[PDB]
Amino acid sequence: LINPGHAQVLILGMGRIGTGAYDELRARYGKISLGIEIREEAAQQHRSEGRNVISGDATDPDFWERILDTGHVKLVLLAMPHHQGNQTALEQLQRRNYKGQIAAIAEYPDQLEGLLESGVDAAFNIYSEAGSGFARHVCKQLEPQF
Amino acid sequence: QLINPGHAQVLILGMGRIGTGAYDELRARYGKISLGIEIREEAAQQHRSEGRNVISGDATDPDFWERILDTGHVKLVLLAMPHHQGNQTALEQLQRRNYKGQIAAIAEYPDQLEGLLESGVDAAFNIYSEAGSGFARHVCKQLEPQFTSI
Ligand SMILES: Nc1ncnc2c1ncn2[C@@H]1O[C@H](COP(=O)(O)O)[C@@H](O)[C@H]1O
């Protein structure tokens with residue numbers, strides 16, 4: 001947040017998924033991410049916890065035109081796997097002439113397929129990612145002597 | 001119908017998508033050290049056709065556990081069942097056979113994770129937090145975005 005407004009990563013949805021992604025990116029790159037969260041209470045709690053998060057609706061074209069389309073964004077993470085959130089936000093992003101990368105995480109197989117078909121650069125399954133992270137974090141915390 | 005886990009050092013209870021990602025992630029780092037237990041016979045067969053050591057069985061059933069040989073190098077159990085109470089029941093079964101190694105669990109909500117810790121697991125992680133972490137990790141590795149680090 002050295003230069004406010006200059007986030008290079010947008011994380012759309014700051015539930016547990018978005019937050020996990022936010023924390024990982026911070027660890028690697030420092031403070032280059034902005035998370036977007038529709039629930040105001042949730043956004044305020046993230047800000048209290050020291051994360052760069054604002055409230056707003058990633059399906060609203062005006063929020064895109066007024067706020068999110070800054071010209072600095074290199075990567076957008078779609079972390080709204082329920083209620084067609086990912087696909088709806090993707091639609092808005094594509095209307096804007098966005099030249100960066102897009103990645104999505106989805107709950108089911110056919111959902112990943114539709115996201116890739118609609119032009120996301122990379123798509124992942126929530127649970128397969130969770131299993132991979134789980135195994136790493138366990139080996140980190142417990143250091144089993146294999 | 002005794003079950004000899006052989007050289008397995010990790011028992012993975014539940015081989016749905018979570019257990020499978022864990023199995024594969026461990027295989028990548030440590031080689032063939034895991035044994036998956038899966039209630040769905042057709043899923044267990046599909047895992048075996050893919051080269052994974054997976055046997056069918058219900059890890060909530062005391063009769064399943066009675067089949068398992070006390071001789072074993074198992075140092076880590078991953079609780080990756082699809083139903084939260086299943087992980088809790090599996091943990092109880094492991095405790096009443098006096099298992100000494102470590103146990104890790106994954107769940108949906110902080111109360112579930114705290115409850116697993118209270119019940120005796122060594123580490124407890126949230127399914128969706130872990131998903132977001134691995135999501136970001138894999139996106140960076142696949143896509144190699146060019147950021148200015150701050
Ligand atoms: N349109 C949206 N804009 C920003 N955040 C959202 C939007 N829809 C859902 N979220 C948040 O994304 C997270 C996961 O949402 P869900 O897709 O319901 O699991 C939750 O914190 C939601 O409040």
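Note: hydrogens, waters and symmetry copies are ignored here, and every other heavy atom, side chains too, is used. Letters A, B, ... mirror the listed sequences (proteins, then strands); counts begin at 1.
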Handout entry: Side-chain donor/acceptor of B/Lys75 to backbone N/O of A/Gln145, under 3.5 Å
Key = yes
Problem - Qualifying residues under ring pair (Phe, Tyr, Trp, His ring centres under 6.0 Å), relative to A/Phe146, sequence neighbours excluded - result: B/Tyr30
Exercise for the section: Return yes if some donor-acceptor pair links the side-chain N/O of B/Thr89 with the main-chain N/O of B/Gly86 below 3.5 Å, else return no. Expected result: no
Problem - side-chain hydrogen bond (donor to acceptor under 3.5 Å, both in side chains) pairs, two or more places apart, involving residues 135-150 of chain B - result: A/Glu129-B/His138
Practice task
Using distance alone, with no hydrogens and no angle criterion, decide if A/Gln111 and A/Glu107 have a side-chain donor and acceptor under 3.5 Å apart.
Solution key: no
Problem - Heavy atoms of other groups near A/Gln94 CD, more than 12 under 6.0 Å - result: yes
Problem - Counterpart residues, ring pair (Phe, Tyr, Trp, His ring centres under 6.0 Å), relative to B/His83 (two or more places apart) - result: none
Exercise for the section: Flag yes if A/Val138 and B/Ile33 sit in one hydrophobic cluster, no otherwise; membership is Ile, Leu, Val, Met, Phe, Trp, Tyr, and two members link when side-chain heavy atoms are under 4.5 Å apart. Expected result: yes
Practice task
Look at atom CD of A/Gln84 and say whether more than 12 heavy atoms of other residues, nucleotides or ligands are closer to it than 6.0 Å.
Solution key: no
Problem - Main-chain N/O of B/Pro62 paired to B/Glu66 side chain as donor or acceptor, under 3.5 Å - result: no
Show every donor-acceptor pair shorter than 3.5 Å between a side-chain atom in residues 16-24 of chain B and any protein atom, with sequence neighbours excluded, or say none if there are none.
| residue | atom | partner | partner atom | Å |
| --- | --- | --- | --- | --- |
| B/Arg17 | NE | A/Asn125 | OD1 | 3.0 |
| B/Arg17 | NE | A/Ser128 | OG | 3.0 |
| B/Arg17 | NH2 | A/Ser128 | OG | 2.9 |
| B/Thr20 | OG1 | B/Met15 | O | 3.2 |
| B/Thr20 | OG1 | B/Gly16 | O | 2.8 |
| B/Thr20 | OG1 | B/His47 | NE2 | 3.4 |
| B/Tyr23 | OH | B/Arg27 | NH2 | 2.8 |
| B/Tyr23 | OH | B/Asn53 | N | 3.0 |
| B/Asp24 | OD1 | B/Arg52 | NE | 2.9 |
| B/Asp24 | OD2 | B/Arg52 | NH2 | 3.0 |

Exercise for the section: Would you indicate whether B/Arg96, at its atom CZ, is surrounded by more than 12 heavy atoms from other residues, nucleotides or ligands within a distance under 6.0 Å? Expected result: no
Practice task
Answer yes or no: is there an ion pair linking A/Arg39 with A/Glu37, defined by an N-O contact shorter than 4.0 Å?
Solution key: yes
Problem - Transitive ILVMFWY cluster of A/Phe63, excluding itself - 4.5 Å side-chain cut-off - result: A/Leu10, A/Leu12, A/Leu34, A/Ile36, A/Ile54, A/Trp64, A/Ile67, A/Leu68, A/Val73, A/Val76, A/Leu78, A/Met80, A/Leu90, A/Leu93, A/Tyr98, A/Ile102, A/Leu115, A/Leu116, A/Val120
Problem - Results of ring pair (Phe, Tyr, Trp, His ring centres under 6.0 Å) for B/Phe135 - residues two or more places apart only - result: A/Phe124
Problem - Exceeds 12 heavy-atom contacts within 6.0 angstrom, atom CD of B/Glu41 - result: no
Problem - Exceeds 12 heavy-atom contacts within 6.0 angstrom, atom CG of B/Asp111 - result: yes
Practice task
Report yes if some heavy atom in the side chain of A/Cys139 is under 4.5 Å from a heavy atom in the side chain of B/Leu26; otherwise report no.
Solution key: yes
Exercise for the section: Find out whether B/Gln88 and B/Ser119 are in side-chain contact, i.e. whether some heavy atom of one side chain is under 4.5 Å from a heavy atom of the other. Expected result: yes
Practice task
Scan side-chain atoms only and decide if B/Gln93 and B/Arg97 contain a donor-acceptor pair under the 3.5 Å cut-off.
Solution key: yes
Exercise for the section: Could you pull out the closest heavy-atom pair between A/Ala130 and B/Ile106, with the gap in Å? Expected result: O-CD1, 4.1 Å
Practice task
For residues A/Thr59 and A/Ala89, report the shortest heavy-atom separation together with the two atoms involved.
Solution key: CG2-N, 4.3 Å
